[PDB]
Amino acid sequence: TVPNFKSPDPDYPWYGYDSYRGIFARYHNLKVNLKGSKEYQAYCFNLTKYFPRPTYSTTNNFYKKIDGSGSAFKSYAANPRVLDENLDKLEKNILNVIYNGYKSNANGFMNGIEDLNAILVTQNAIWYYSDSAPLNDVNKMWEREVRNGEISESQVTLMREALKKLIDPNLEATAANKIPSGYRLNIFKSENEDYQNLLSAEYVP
């Protein structure tokens, strides 16, 4: 089942929402849809802004859909990781992260990682680029969860290795399966600028 919400502003007609219903605050599972249409997977593009509310909340988040590009990725990010002012490289970097992360998993980096953990890994790789999140201690990430029996040692080992592959600057060059001709993602610009702009996990027509 998908929600069907109509925006008060037709310029921002997409509903964005957190579909995670569980008890662990570490997890989110963001989606967008359009007046009851099939839904699409999304990610937070702004680490320092609020995540979309849970589906069916009394407060609803609406969005305008924009084609992804290096320009858009720069403009809608708070602190993007750009080398030598090269927005084409920023575009390539983000596209290759998404293509290799949840759900496309084009080179198997995600294999065996439970969906919510795979989203969490991919989300961290996106923030490495959108917010210049440092990620200098990947071998210790989620150790608190391991110690407390919340994520298995086995899942966390997979997650750490996947994250390292996703943030390698040579990902595009070394991955065997390359992004397809015409590959495109979308930015969702929040109608309420206290909430995150979103990045799709596939093309959203």
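The first residue of the sequence shown is number 1, and the count goes up from there.
Student: Comparing 5-13 with 187-195, which has the greater mean CA B-factor as deposited?
Tutor: Looking at the recorded C-alpha B-factors, 5-13 comes out higher on average.
Student: Mean CA B-factor: is it higher for 146-154 or for 46-54?
Tutor: Comparing 146-154 with 46-54, the higher mean C-alpha B-factor belongs to 146-154.
Student: Highest Cα B-factor in the deposition, which of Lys31, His28, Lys65, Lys140?
Tutor: The record points to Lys140.
Student: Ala162's Cα B-factor: lowest, middle or highest third of the chain?
Tutor: Ranked within chain, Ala162 CA B lands in the middle tercile.
Student: Please place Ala77 in the lowest, middle or highest third of its chain by C-alpha B factor as given in the entry.
Tutor: Middle third.
Student: What third of the chain does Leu90 rank in for C-alpha temperature factor, lowest, middle or highest?
Tutor: It belongs to the lowest third of the chain when residues are ordered by C-alpha B-factor.
Student: Compare the C-alpha B factor of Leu135 with those of the other modelled residues in its chain, then answer lowest, middle or highest third.
Tutor: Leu135: CA B-factor falls in the highest third of its chain.
Student: Report the third (lowest, middle or highest) to which the CA temperature factor of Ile113 belongs, ranking only the modelled residues of the same chain.
Tutor: For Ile113, whose C-alpha B-factor we compare with every modelled residue in the chain, the answer is the middle third.
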